[PDB]
Amino acid sequence: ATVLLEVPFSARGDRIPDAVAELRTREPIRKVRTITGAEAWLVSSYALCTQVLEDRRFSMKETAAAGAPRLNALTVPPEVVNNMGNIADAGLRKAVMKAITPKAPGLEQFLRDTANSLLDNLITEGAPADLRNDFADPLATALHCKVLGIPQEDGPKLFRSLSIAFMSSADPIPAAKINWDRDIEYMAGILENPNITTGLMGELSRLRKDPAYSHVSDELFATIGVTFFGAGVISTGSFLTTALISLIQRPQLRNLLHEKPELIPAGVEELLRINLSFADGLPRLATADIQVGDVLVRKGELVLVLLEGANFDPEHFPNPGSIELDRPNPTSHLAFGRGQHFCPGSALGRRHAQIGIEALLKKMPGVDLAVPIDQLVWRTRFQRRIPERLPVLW
Ligand code: HEM
Ligand SMILES: O=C1CN(CCCn2ccnc2)CCN1Cc1ccc(F)cc1
């Protein structure tokens, strides 16, 4: 006798477990147990993943309901689970979107300058270099300080919340509340700070005083700053880090992108498709009884949408484990989700990765791992899969 299959399967972000393809073929929706001890339906085919994400009867906001089966413990107040819905309801969705596009004047130049400065410092210090802690994460942090309009010098302290804030824990995390409350206080001060006139926080500070937003709560304005910083930083830094691993392990691709940098955006799209940065399936709670494949999901049950299930499904992406720059459906992956909750930072995230890679290949065309790949230490019980250090030589 064996216990019910447990998720997640592996914290390793450099290979997909052979188990995923077996499940997809035999039982593309099947029962699993989460770290909390709750039961859930794990969905692993492209067809079923899309079905779930496109049906709002599978609710994100209801995952925060008291008494619901949980993937993991809340690390924010339950209202913050509906963050984008609260933003929308306050009339702020267009303004937030506009602030977080990579089209702002000078933003791309800033990214390229920051990336080049980080790499120059690594070259000066000499090999081995840690591309996570000393490149990808500081590049993500600098980008989000600029996008938010907050001082660069404030980035590191906000960044140090994230190793706890994005934990995937069975139980509530006392440190997460301490850091949340502190970061909220910081963003509330930013909104009252007359020096802050650019970026997302500059725009929120203005809208706060406009009569059309006089009844929007101060709690929401501060929340938007904390959540967009955290979500953007953890996502872009984690994605770039694990994409660099995939690229480094493919010298032929590294050489092609070095030689033809106009292929970088197609490259990043394939790196997005094969990315294992999300450690857990995307959670949804059924609000009705809904047929998904061979299973009738009952109202109040938890469903987990496995992104790598969808993105390595050979029925949608033939030869799924291969990077192919000429697929006919290249942006049809689920790396940014799908439907109501599609990532509002998708363009910024693509641009962060494209620029980080372009700059790396120009400065370190011979970049290679400085340790055997099995020596990378993969962070556990976290909402992302990331190596603690990424040592490289060049
Ligand atoms: C490569 C980078 C990124 C990846 C791979 C990524 C991935 C995702 C995914 C898969 C979702 C869907 C979640 C769901 O449906 O449950 C999502 C939503 C979200 N992303 Fe990202 N993201 C990235 C960058 C960003 C950035 C830069 C920001 C903000 C600055 C951001 C903010 C958000 C927010 C606020 C949501 C929730 C949207 C909603 O609930 O309607 N992300 N992202
Ligand atoms: O606003 C969001 C959106 N998230 C969607 C999935 C994760 N993600 C992040 C980026 N792209 C996808 C869920 C979590 N929150 C709230 C939050 C933000 C920051 C923090 F530190 C703690 C909680």
# chains A, B, ... in the order shown; residues from 1 in each chain; ligands from 1
>>> select_by_dssp(residues="region 204-364 of chain A", states="strand (DSSP E)", output="PyMOL selection string")
chain A and resi 282-286+290-292+295-297+302-305
>>> residues_near_ligand(ligand="ligand 2", cutoff="7 Å", atoms="only C-alpha atoms and all ligand atoms", output="CSV table (one decimal) with N, CA and C atoms, in the first residue's frame")
chain,number,residue,atom,x,y,z
A,75,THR,N,0.5,33.8,2.5
A,75,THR,CA,1.5,34.6,3.0
A,75,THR,C,1.2,36.1,2.9
A,76,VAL,N,-0.1,36.4,2.6
A,76,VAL,CA,-0.6,37.8,2.5
A,76,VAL,C,-2.0,37.7,3.1
A,80,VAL,N,-5.8,40.1,-0.6
A,80,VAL,CA,-4.7,40.3,-1.5
A,80,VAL,C,-4.6,39.2,-2.6
A,81,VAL,N,-5.3,38.1,-2.3
A,81,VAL,CA,-5.3,37.0,-3.3
A,81,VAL,C,-6.1,37.5,-4.6
A,83,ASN,N,-5.9,40.5,-5.8
A,83,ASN,CA,-5.3,41.8,-6.0
A,83,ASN,C,-5.6,42.4,-7.3
A,84,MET,N,-5.5,41.7,-8.4
A,84,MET,CA,-5.8,42.3,-9.7
A,84,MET,C,-7.3,42.7,-9.8
A,162,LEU,N,11.8,38.5,0.0
A,162,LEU,CA,11.2,37.6,-1.0
A,162,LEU,C,11.4,36.2,-0.7
A,165,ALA,N,8.5,35.7,1.6
A,165,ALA,CA,7.2,36.0,1.0
A,165,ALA,C,6.7,35.0,0.0
A,166,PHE,N,7.6,34.4,-0.8
A,166,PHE,CA,7.2,33.5,-1.8
A,166,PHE,C,7.4,32.0,-1.4
A,226,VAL,N,3.6,47.0,-3.1
A,226,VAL,CA,4.3,45.8,-2.5
A,226,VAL,C,4.2,44.6,-3.4
A,227,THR,N,3.0,44.3,-3.9
A,227,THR,CA,2.7,43.1,-4.7
A,227,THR,C,3.4,43.2,-6.1
A,228,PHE,N,3.3,44.4,-6.7
A,228,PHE,CA,4.0,44.4,-8.1
A,228,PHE,C,5.5,44.3,-8.0
A,229,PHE,N,6.1,45.0,-7.0
A,229,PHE,CA,7.5,44.8,-6.7
A,229,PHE,C,7.9,43.3,-6.5
A,230,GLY,N,7.2,42.7,-5.6
A,230,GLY,CA,7.5,41.3,-5.2
A,230,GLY,C,7.3,40.3,-6.3
A,231,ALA,N,6.1,40.4,-6.9
A,231,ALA,CA,5.8,39.4,-7.9
A,231,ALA,C,6.7,39.6,-9.1
A,232,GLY,N,6.9,40.8,-9.5
A,232,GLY,CA,7.8,41.1,-10.7
A,232,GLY,C,9.2,40.7,-10.5
A,235,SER,N,9.6,36.8,-10.1
A,235,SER,CA,9.3,36.1,-11.4
A,235,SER,C,10.4,36.4,-12.4
A,343,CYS,N,-0.8,37.1,-17.1
A,343,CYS,CA,0.2,38.0,-16.5
A,343,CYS,C,0.2,39.4,-17.0
>>> closest_atom_pairs(of="chain A", to="ligand 1", cutoff="9 Å", atoms="only C-alpha atoms and all ligand atoms", output="CSV")
residue,atom,partner,partner_atom_place_in_ligand_line,distance
A:53,CA,ligand 1,15 (O),6.9
A:60,CA,ligand 1,16 (O),6.6
A:61,CA,ligand 1,40 (O),8.6
A:81,CA,ligand 1,40 (O),7.9
A:82,CA,ligand 1,40 (O),6.7
A:83,CA,ligand 1,40 (O),6.5
A:84,CA,ligand 1,41 (O),4.8
A:85,CA,ligand 1,41 (O),6.7
A:100,CA,ligand 1,30 (C),6.1
A:101,CA,ligand 1,30 (C),8.8
A:140,CA,ligand 1,27 (C),8.6
A:144,CA,ligand 1,30 (C),7.0
A:147,CA,ligand 1,30 (C),8.1
A:148,CA,ligand 1,30 (C),8.8
A:224,CA,ligand 1,35 (C),8.6
A:227,CA,ligand 1,35 (C),6.9
A:228,CA,ligand 1,29 (C),4.7
A:229,CA,ligand 1,30 (C),6.1
A:230,CA,ligand 1,29 (C),7.9
A:231,CA,ligand 1,32 (C),5.1
A:232,CA,ligand 1,26 (C),3.5
A:233,CA,ligand 1,27 (C),6.7
A:234,CA,ligand 1,24 (C),8.1
A:235,CA,ligand 1,3 (C),4.6
A:236,CA,ligand 1,2 (C),4.3
A:237,CA,ligand 1,2 (C),7.8
A:238,CA,ligand 1,1 (C),7.8
A:239,CA,ligand 1,1 (C),5.2
A:240,CA,ligand 1,1 (C),7.2
A:272,CA,ligand 1,5 (C),6.9
A:275,CA,ligand 1,5 (C),8.0
A:277,CA,ligand 1,5 (C),7.2
A:278,CA,ligand 1,10 (C),7.6
A:281,CA,ligand 1,16 (O),8.5
A:282,CA,ligand 1,16 (O),4.8
A:283,CA,ligand 1,16 (O),6.2
A:284,CA,ligand 1,16 (O),7.6
A:305,CA,ligand 1,16 (O),8.6
A:307,CA,ligand 1,10 (C),7.6
A:334,CA,ligand 1,10 (C),6.8
A:335,CA,ligand 1,10 (C),5.2
A:336,CA,ligand 1,10 (C),3.9
A:337,CA,ligand 1,10 (C),4.1
A:338,CA,ligand 1,15 (O),6.5
A:339,CA,ligand 1,15 (O),7.7
A:340,CA,ligand 1,41 (O),5.9
A:341,CA,ligand 1,41 (O),3.3
A:342,CA,ligand 1,12 (C),5.2
A:343,CA,ligand 1,18 (C),3.7
A:344,CA,ligand 1,33 (C),5.5
A:345,CA,ligand 1,26 (C),3.7
A:346,CA,ligand 1,24 (C),5.5
A:347,CA,ligand 1,27 (C),7.8
A:348,CA,ligand 1,27 (C),5.4
A:349,CA,ligand 1,2 (C),4.2
A:350,CA,ligand 1,1 (C),6.2
A:351,CA,ligand 1,1 (C),8.9
A:352,CA,ligand 1,1 (C),7.9
A:353,CA,ligand 1,1 (C),7.4
>>> closest_atom_pairs(of="region 325-373 of chain A", to="region 113-120 of chain A", cutoff="8 Å", atoms="only C-alpha atoms", output="Markdown table")
| residue | atom | partner | partner_atom | distance |
| --- | --- | --- | --- | --- |
| A:355 | CA | A:115 | CA | 7.7 |
| A:356 | CA | A:115 | CA | 6.1 |
| A:359 | CA | A:116 | CA | 6.2 |
| A:360 | CA | A:119 | CA | 7.2 |
| A:363 | CA | A:119 | CA | 7.0 |
>>> write_last_selection(atoms="C-alpha atoms", output="PDB file, in the first residue's frame")
ATOM      1  CA  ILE A 355      18.145  42.313 -22.596  1.00  0.00           C
ATOM      2  CA  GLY A 356      19.816  40.266 -19.838  1.00  0.00           C
ATOM      3  CA  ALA A 359      24.153  41.645 -22.678  1.00  0.00           C
ATOM      4  CA  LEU A 360      25.508  38.364 -21.250  1.00  0.00           C
ATOM      5  CA  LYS A 363      30.234  40.359 -22.574  1.00  0.00           C
TER       6      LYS A 363
END
>>> atom_distance(atom1="CA of residue 313 (chain A)", atom2="CA of residue 25 (chain A)")
9.3 Å
>>> closest_atom_pairs(of="region 236-298 of chain A", to="region 14-20 of chain A", cutoff="12 Å", atoms="only C-alpha atoms", output="JSON lines")
{"residue": "A:239", "atom": "CA", "partner": "A:14", "partner_atom": "CA", "distance": 12.0}
{"residue": "A:241", "atom": "CA", "partner": "A:14", "partner_atom": "CA", "distance": 10.8}
{"residue": "A:242", "atom": "CA", "partner": "A:14", "partner_atom": "CA", "distance": 7.4}
{"residue": "A:243", "atom": "CA", "partner": "A:14", "partner_atom": "CA", "distance": 9.3}
{"residue": "A:244", "atom": "CA", "partner": "A:14", "partner_atom": "CA", "distance": 10.5}
{"residue": "A:245", "atom": "CA", "partner": "A:14", "partner_atom": "CA", "distance": 7.3}
{"residue": "A:246", "atom": "CA", "partner": "A:14", "partner_atom": "CA", "distance": 7.1}
{"residue": "A:247", "atom": "CA", "partner": "A:14", "partner_atom": "CA", "distance": 10.8}
{"residue": "A:248", "atom": "CA", "partner": "A:14", "partner_atom": "CA", "distance": 11.2}
{"residue": "A:249", "atom": "CA", "partner": "A:14", "partner_atom": "CA", "distance": 9.5}
{"residue": "A:271", "atom": "CA", "partner": "A:14", "partner_atom": "CA", "distance": 11.8}
{"residue": "A:274", "atom": "CA", "partner": "A:16", "partner_atom": "CA", "distance": 9.2}
{"residue": "A:275", "atom": "CA", "partner": "A:14", "partner_atom": "CA", "distance": 8.7}
{"residue": "A:276", "atom": "CA", "partner": "A:14", "partner_atom": "CA", "distance": 7.5}
{"residue": "A:277", "atom": "CA", "partner": "A:14", "partner_atom": "CA", "distance": 9.6}
{"residue": "A:279", "atom": "CA", "partner": "A:16", "partner_atom": "CA", "distance": 11.5}
>>> write_last_selection(atoms="C-alpha atoms", output="PDB file, in the first residue's frame")
ATOM      1  CA  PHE A 239      12.887  33.080 -14.897  1.00  0.00           C
ATOM      2  CA  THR A 241      18.205  32.515 -13.806  1.00  0.00           C
ATOM      3  CA  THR A 242      16.696  29.227 -14.967  1.00  0.00           C
ATOM      4  CA  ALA A 243      16.689  30.336 -18.632  1.00  0.00           C
ATOM      5  CA  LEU A 244      20.433  31.088 -18.371  1.00  0.00           C
ATOM      6  CA  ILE A 245      20.929  27.460 -17.159  1.00  0.00           C
ATOM      7  CA  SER A 246      19.003  26.108 -20.183  1.00  0.00           C
ATOM      8  CA  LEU A 247      21.007  28.296 -22.519  1.00  0.00           C
ATOM      9  CA  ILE A 248      24.404  27.531 -20.985  1.00  0.00           C
ATOM     10  CA  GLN A 249      23.679  23.813 -21.306  1.00  0.00           C
ATOM     11  CA  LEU A 271      12.990  29.463 -22.981  1.00  0.00           C
ATOM     12  CA  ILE A 274      10.407  25.062 -21.424  1.00  0.00           C
ATOM     13  CA  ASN A 275      10.742  27.027 -18.129  1.00  0.00           C
ATOM     14  CA  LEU A 276      10.241  25.183 -14.839  1.00  0.00           C
ATOM     15  CA  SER A 277      10.290  28.352 -12.690  1.00  0.00           C
ATOM     16  CA  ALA A 279       7.225  25.195  -8.478  1.00  0.00           C
TER      17      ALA A 279
END
>>> atom_distance(atom1="CA of residue 358 (chain A)", atom2="CA of residue 111 (chain A)")
11.0 Å
>>> residues_around(residues="residue 266 (chain A)", least_positions_apart="5", cutoff="9 Å", atoms="only C-alpha atoms", output="mmCIF file with C-alpha atoms, in the first residue's frame")
data_model
loop_
_atom_site.group_PDB
_atom_site.id
_atom_site.type_symbol
_atom_site.label_atom_id
_atom_site.label_comp_id
_atom_site.auth_asym_id
_atom_site.auth_seq_id
_atom_site.Cartn_x
_atom_site.Cartn_y
_atom_site.Cartn_z
ATOM 1 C CA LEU A 271 12.990 29.463 -22.981
ATOM 2 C CA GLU A 324 13.067 25.105 -31.833
ATOM 3 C CA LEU A 325 13.125 28.690 -32.979
ATOM 4 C CA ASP A 326 10.706 28.152 -35.903
ATOM 5 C CA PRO A 330 5.571 29.946 -30.422
#
>>> atom_distance(atom1="CA of residue 364 (chain A)", atom2="CA of residue 135 (chain A)")
12.5 Å
>>> select_by_dssp(residues="region 89-230 of chain A", states="helix (DSSP H, G or I)", output="JSON, numbers by chain")
{"A": [89, 93, 94, 95, 96, 97, 98, 99, 107, 108, 109, 110, 111, 112, 113, 114, 115, 116, 117, 118, 119, 120, 121, 122, 123, 124, 125, 132, 133, 134, 135, 136, 137, 138, 139, 140, 141, 142, 143, 144, 145, 146, 147, 148, 152, 153, 154, 155, 156, 157, 158, 159, 162, 163, 164, 165, 174, 175, 176, 177, 178, 179, 180, 181, 182, 183, 184, 185, 186, 187, 188, 189, 190, 191, 199, 200, 201, 202, 203, 204, 205, 206, 207, 208, 211, 212, 213, 218, 219, 220, 221, 222, 223, 224, 225, 226, 227, 228, 229, 230]}
>>> closest_atom_pairs(of="region 67-118 of chain A", to="region 192-214 of chain A", cutoff="9 Å", atoms="only C-alpha atoms", output="JSON lines")
{"residue": "A:90", "atom": "CA", "partner": "A:213", "partner_atom": "CA", "distance": 7.5}
{"residue": "A:91", "atom": "CA", "partner": "A:213", "partner_atom": "CA", "distance": 7.9}
{"residue": "A:92", "atom": "CA", "partner": "A:204", "partner_atom": "CA", "distance": 8.7}
{"residue": "A:95", "atom": "CA", "partner": "A:203", "partner_atom": "CA", "distance": 7.6}
{"residue": "A:96", "atom": "CA", "partner": "A:200", "partner_atom": "CA", "distance": 6.7}
{"residue": "A:98", "atom": "CA", "partner": "A:200", "partner_atom": "CA", "distance": 8.5}
{"residue": "A:99", "atom": "CA", "partner": "A:200", "partner_atom": "CA", "distance": 5.1}
{"residue": "A:100", "atom": "CA", "partner": "A:200", "partner_atom": "CA", "distance": 7.2}
>>> write_last_selection(atoms="N, CA and C atoms", output="short mmCIF file (atom, residue, chain, number, x, y, z; two decimals), in the first residue's frame")
data_model
loop_
_atom_site.label_atom_id
_atom_site.label_comp_id
_atom_site.auth_asym_id
_atom_site.auth_seq_id
_atom_site.Cartn_x
_atom_site.Cartn_y
_atom_site.Cartn_z
N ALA A 90 -11.32 49.26 -8.44
CA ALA A 90 -10.95 50.63 -8.09
C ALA A 90 -10.74 51.56 -9.29
N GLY A 91 -10.77 51.01 -10.50
CA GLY A 91 -10.67 51.81 -11.74
C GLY A 91 -9.22 52.05 -12.14
N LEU A 92 -8.29 51.23 -11.63
CA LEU A 92 -6.87 51.46 -11.73
C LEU A 92 -6.13 50.52 -12.72
N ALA A 95 -4.16 52.26 -15.67
CA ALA A 95 -3.02 53.02 -15.18
C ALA A 95 -1.88 52.12 -14.77
N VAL A 96 -2.20 51.02 -14.11
CA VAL A 96 -1.20 50.08 -13.66
C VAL A 96 -0.52 49.44 -14.88
N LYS A 98 -0.21 50.62 -17.94
CA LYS A 98 0.61 51.58 -18.62
C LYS A 98 1.95 51.78 -17.93
N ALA A 99 1.96 51.72 -16.60
CA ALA A 99 3.20 51.93 -15.86
C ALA A 99 4.16 50.76 -15.99
N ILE A 100 3.65 49.58 -16.26
CA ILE A 100 4.52 48.41 -16.20
C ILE A 100 4.91 47.87 -17.58
#
>>> residues_around(residues="region 381-394 of chain A", least_positions_apart="6", cutoff="6 Å", atoms="only C-alpha atoms", output="ChimeraX atom specification")
/A:11,13,127-132,166-168,277-279,364,366-370
>>> residues_around(residues="region 27-36 of chain A", least_positions_apart="3", cutoff="9 Å", atoms="only C-alpha atoms", output="PyMOL selection string")
chain A and resi 3-8+22-24+39-45+48+69-73+168-171+292-295+309+381
>>> closest_residue(among="A:55, A:261, A:12, A:93", to="residue 280 (chain A)", atoms="only C-alpha atoms")
A:12
>>> closest_residue(among="A:362, A:188, A:174, A:216", to="residue 259 (chain A)", atoms="only C-alpha atoms")
A:362
>>> residues_around(residues="residue 322 (chain A)", least_positions_apart="4", cutoff="10 Å", atoms="only C-alpha atoms", output="ChimeraX atom specification")
/A:270,274,312,317-318
